[PDB]
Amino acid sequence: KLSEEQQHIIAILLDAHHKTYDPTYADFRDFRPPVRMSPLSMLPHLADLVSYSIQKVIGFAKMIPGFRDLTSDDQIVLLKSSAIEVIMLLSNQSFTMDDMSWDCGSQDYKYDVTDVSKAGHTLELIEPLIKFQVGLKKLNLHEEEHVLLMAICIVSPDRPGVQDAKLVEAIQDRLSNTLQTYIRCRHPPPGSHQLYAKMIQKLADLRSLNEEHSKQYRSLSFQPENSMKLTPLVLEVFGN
């Protein structure tokens, strides 16, 4: 019941993922070094991590079937708004339920609540972010469902500033139907129970996290000396 096109779409998204996500995290050594102590000591390191991840999110989006057909301005709008959400999704791969932290290959590059707090964020974001990572982890998505969820997150028509919303929605619909059919044919029970609905709920959760993140980003970036620690791409994307 999974058509040839839908098996094609999945193969593409999986490939795009493999070419844009490095599970060895080798490049992290290029970042400004993580400093754990106290005042914003993790901002330069995590800011570089984010900036790096935006580049990977961009590379992924471009390989989403139909994404290229959008106008450059719609592409910009979709990436600007979803980037932090897709990074949070991407990060679930490094997130371990063992100690509720993001474990990226080593101890220096192991990130926990106190590391995120030392990036300038409060529990008002961090609590639901971990809550999100745990609940997403519990879903035990196939990698196919993971990459589909990320594509669907990027191509949302209700994003602020979207012009050709009809065209965006058509692209997303084709992806949603690909996901829904995949779960029915490829994801066995009980793991497939209400799985689509739960995955959609996660997209709602990400909107909320995106909103809280923006508020706290405006606070942090409001101060030039902290804004000074970010990267040009992070300012361009998370900025106005």
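So that there is no doubt, residue numbering starts at 1 and follows the sequence shown.
According to the entry, the deposited sequence runs straight from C185 to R186 with no unmodelled residues in between. Per-stretch averaging of Cα B factors for 143-151 and 69-77 places 69-77 on top. Taking only CA atoms, the mean B-factor in the PDB entry is higher for 103-111 than for the other of 84-92 and 103-111. For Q172, the recorded CA B-factor ranks within the middle third of the chain. Only modelled residues enter the ranking. When all modelled residues of the chain are sorted by CA temperature factor, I12 is found within the lowest third. When the modelled residues of the chain are ordered by C-alpha B-factor, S208 sits in the lowest third. The deposited CA B-factor of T231 belongs to the lowest third of values across its chain. Annotation for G135: CA B-factor lies in the lowest third of the chain's modelled residues.
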